[PDB]
Amino acid sequence: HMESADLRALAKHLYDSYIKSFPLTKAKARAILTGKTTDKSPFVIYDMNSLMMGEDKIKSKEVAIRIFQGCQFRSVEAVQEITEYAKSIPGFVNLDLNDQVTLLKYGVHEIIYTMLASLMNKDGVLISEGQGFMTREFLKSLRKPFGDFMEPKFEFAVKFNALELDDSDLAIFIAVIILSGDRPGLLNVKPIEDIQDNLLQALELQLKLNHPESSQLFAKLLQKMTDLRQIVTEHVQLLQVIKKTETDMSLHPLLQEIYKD
Amino acid sequence: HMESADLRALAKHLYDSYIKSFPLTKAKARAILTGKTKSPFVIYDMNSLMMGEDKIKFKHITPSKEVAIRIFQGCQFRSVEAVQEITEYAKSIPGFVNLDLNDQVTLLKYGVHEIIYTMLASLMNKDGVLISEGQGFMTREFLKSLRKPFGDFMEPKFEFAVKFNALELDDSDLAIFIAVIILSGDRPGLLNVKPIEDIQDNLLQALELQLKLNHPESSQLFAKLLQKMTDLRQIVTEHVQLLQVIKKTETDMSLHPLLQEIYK
Ligand SMILES: O=C(O)c1ccc(-c2nn(C(=O)c3ccccc3C(F)(F)F)c3ccc(Cl)cc23)c(OCc2ccccc2)c1
Ligand SMILES: O=C(O)c1ccc(-c2nn(C(=O)c3ccccc3C(F)(F)F)c3ccc(Cl)cc23)c(OCc2ccccc2)c1
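The listed protein sequences correspond, in order, to chains A and B. FYI, the numbering for the first sequence is 233 to 291, 302 to 503, going by the authors' numbering. FYI, the numbering for the second sequence is 233 to 269, 272 to 297, 302 to 502, going by the authors' numbering.
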């Protein structure tokens with residue numbers, strides 16, 4: 233149990249670190265997506281030629307592969323940003339070193355999908371630090387397994403975004419996910435759960451103060467961690483199929499390790 | 233939104249109905265498992283299984303001849319019994335019977351599996367599970383040692399139960415929790431989601447207050463119990479994938495077609 237002023241202090245700490253760690257916030261993404269601004273307008277990729285024009289403006303292989311490799315390159319960057327953020331979560335670096343590895347191993351994907359929703363609306367997703375926007379339709383029409391590889395992200399995002407969280411909410415939610423004591427292979431569950439209890443208290447107070455008319459938002463947000471657990475599973479099963487079919491591509495060493503078991 | 237006295241009224245309402253709907257409560261089951269009370275008959279191997287059906291005559295072992307199949311089918315037979323008990327309980331949740339009739343059916347269809355696993359934990363400890371309204375006790379070791387896929391079909395249930403039971407919920411806690419599961423607005427095919435989520439919001443409010451009053455020392459128990467709704471969704475999917483494997487491999491499973499229809 234923490235005092236009210238201590239919970240607000242933890243929320244501000246985490247929001248501050250989130251701003252330092254993630255270059256494209258939800259606030260910035262929404263300003264780009266909503267428009268009515270001549271300086272922040274993205275170039276829109278909706279087909280083959282506009283993709284070709286994109287490389288010239290935004291700055302040898304098949305289209306679906308090229309786009310897929312684009313996603314994994316950005317996923318690796320996301321893993322790096324998430325790792326930097328976790329180090330700022332009070333108590334995280336003081337945990338057993340193997341458990342730090344374990345928490346990140348299973349946590350990064352759930353966080354990537356969460357923060358990907360910030361860059362999405364029902365029609366597409368921001369790319370290249372918000373300079374680009376690739377339509378849902380174009381992703382959904384890619385060949386082989388790749389077309390159906392993109393769409394479930396959009397389905398989750400539309401539902402997650404209906405909660406209308408802002409970055410200060412997401413900062414605490416992301417921290418709660420990382421500090422999950424039910425990850426397989428953890429050596430000391432108790433010190434992880436004590437941290438998550440504090441983060442859960444801080445999230446609960448944050449949501450009540452920042453969304454006072456949004457009844458049981460806390461409970462509804464925790465119920466979304468079920469949708470996250472499922473999509474990660476679908477994702478892993480789709481990567482496995484691609485590995486056994488495209489024995490052309492290679493994953494980044496960082497990603498390879500995360501998916502080993 | 234809701235006044236404190238109305239939430240306690242709702243909690244009391246659901247507890248009373250939960251006692252009427254489910255014959256073997258967690259309070260009663262714990263008395264049997266601990267040894268704090272007519273000892274149950276213990277099934278720990280093949281020969282004691284034979285004596286149990288001869289003496290007690292457990293209703294889910296009757297006319302396949304192989305033991306592991308017979309026990310597996312016995313689990314399905316009890317599950318169908320539980321579905322009717324859950325259906326009756328759901329009728330007492332304020333607002334449920336006023337929902338669209340198709341949505342009532344859809345909520346029960348997709349919810350009963352999560353509730354069956356939830357309530358199965360009440361009957362379990364690290365060593366085994368009560369059966370036949372508590373008259374019997376089937377050891378974990380005997381279940382885990384069943385051949386081919388059947389052994390590995392039983393053990394995940396025990397693994398969930400042990401972790402779920404560490405929360406130390408009682409029946410008044412569980413009555414509201416079960417109601418929350420039923421009123422899930424994300425079930426596929428729902429026609430009118432808004433009144434379902436409106437009810438679930440009231441039940442979540444009642445659950446939160448119930449837990450703070452009944453477990454004041456248990457920090458963020460509300461959050462932790464909602465996190466178990468993640469495990470449940472995961473265990474149910476695993477379960478379904480395991481039935482499919484048995485169907486496509488085991489051709490000693492067929493029952494009378496009328497039975498097959500009952501247990502579809
Ligand atoms: O900016 C960000 O924070 C950000 C974060 C994640 C993705 C993203 N990852 N991802 C994966 O499949 C994935 C996820 C986790 C771990 C590994 C992977 C991996 F290896 F299998 F690739 C996606 C699939 C579909 C869609 Cl629409 C987006 C993604 C992202 O993609 C923007 C994008 C779209 C088109 C061309 C280029 C870039 C952007
Ligand atoms: O009394 C109760 O409330 C109650 C509730 C559930 C079960 C039970 N179902 N089940 C299934 O596989 C199953 C099948 C179809 C649809 C849903 C389920 C499921 F996963 F959701 F539960 C199990 C598997 C293993 C174990 Cl150990 C118990 C069960 C039960 O089994 C007592 C029992 C033990 C041994 C022999 C006979 C009977 C008792």
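Just so you know, even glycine gets a beta-carbon here, dropped at the ideal spot from N, CA and C.
- Within chain A, the residues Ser-457 have their CB atoms less than 8 angstroms from the CB of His-233/B, given in chain order.
- The beta carbon of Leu-464/A falls within 8 angstroms of a beta carbon belonging to chain B, placing the residue at that interface.
- Residues of chain A with a Cβ closer than 7 angstroms to the Cβ of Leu-442/B are, in chain order, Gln-458 and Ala-461.
- Close to chain B, meaning a Cβ-Cβ distance shorter than 7 angstroms, is no residue of the segment 361-395 of chain A at all.
- For the pair of segments examined, the segment 353-369 of chain B was found to touch the segment 408-421 of chain B: the number of CB pairs separated by less than 8 angstroms reaches three.
- Put simply, the backbone Cα of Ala-461/B is about 12 angstroms away from that of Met-467/A.
- Excluding residues up to 5 positions away in sequence, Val-335 lie with their Cβ nearer than 8 angstroms to the Cβ of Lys-329/B in the same chain.
- The C-alpha of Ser-457/A lies about 12 angstroms from the C-alpha of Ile-437/B.
- Any heavy atom of ligand 2 within less than 6 angstroms of a residue's beta carbon puts that residue on the list, which reads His-294/B, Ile-309/B, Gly-312/B, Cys-313/B, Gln-314/B, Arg-316/B, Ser-317/B, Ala-320/B, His-351/B, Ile-354/B, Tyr-355/B, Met-357/B, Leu-358/B, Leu-361/B, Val-367/B, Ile-369/B, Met-376/B, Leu-381/B, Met-392/B, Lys-395/B and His-477/B.
- If you check the C-beta of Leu-481/A against ligand 1, you find a heavy atom less than 7 angstroms away.
- Here the C-alpha atom of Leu-497/A lies approximately 7 angstroms from the C-alpha atom of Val-318/A.
- With a threshold of 8 angstroms between beta carbons, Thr-468/B makes contact with chain A.
- Taking a 10 Å sphere around the C-beta of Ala-237/A, we find fewer than 16 other C-beta atoms and assign the residue as exposed.
- At the C-beta level, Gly-374/B and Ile-251/B stay beyond 8 angstroms of one another.
- According to DSSP, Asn-363/B shares a beta bridge with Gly-366/B.
- Residues of chain A whose Cβ lies closer than 8 angstroms to the Cβ of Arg-471/B are, in chain order, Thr-468, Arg-471 and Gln-472.
- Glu-406/B is classed as exposed because its beta carbon has fewer than 16 other beta carbons within 10 Å across all chains shown.
- When secondary structure is reduced to three states using DSSP, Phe-254/B falls in the coil class, being assigned neither helix nor strand.
- A Cβ of chain B is located within less than 8 angstroms of the beta carbon of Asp-439/A.
- Here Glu-352/B is actually not in contact with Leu-480/B; their C-beta atoms are around 16 angstroms apart, not less than 8 angstroms.
- Excluding the 5 residues flanking it on each side, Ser-360/A has same chain C-beta neighbours closer than 6 angstroms at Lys-258 and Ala-261, in chain order.
- For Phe-334/B, there is no enclosing beta strand (DSSP E), as DSSP marks it with neither H nor E.
- At a threshold of 7 angstroms, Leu-497/A counts as near ligand 1, since its beta carbon sits closer than that to one of the ligand's heavy atoms.
- Runs of the beta strand (DSSP E) lying entirely within the segment 363-437 of chain B and spanning at least 3 residues, in chain order: 366-369 and 374-377.
- Here the alpha carbons of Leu-493/B and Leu-445/A stand approximately 52 angstroms from one another.
- Excluding its 5 nearest sequence neighbours in each direction, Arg-378/B has C-beta neighbours in its own chain below 6 angstroms: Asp-365, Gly-366 and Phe-396, listed in chain order.
- Inclusion of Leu-368/A and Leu-283/A in the CB contact set at 8 angstroms is not warranted, their separation being larger than that value.
- In this structure, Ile-420/A places its C-beta atom within 8 angstroms of the C-beta atom of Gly-349/A.
- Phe-275/A is bridged by DSSP to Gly-374/A.
- Across the structure, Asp-490/B and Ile-309/B are spaced so that their CA atoms are roughly 13 angstroms apart.
- The residues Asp-338, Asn-340 and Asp-341, in chain order, have a CB closer than 7 angstroms to that of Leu-429/A in the same chain once the five nearest residues on each side in sequence are set aside.
- One thing to note: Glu-371/A has its Cβ within 8 angstroms of the Cβ of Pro-255/A.
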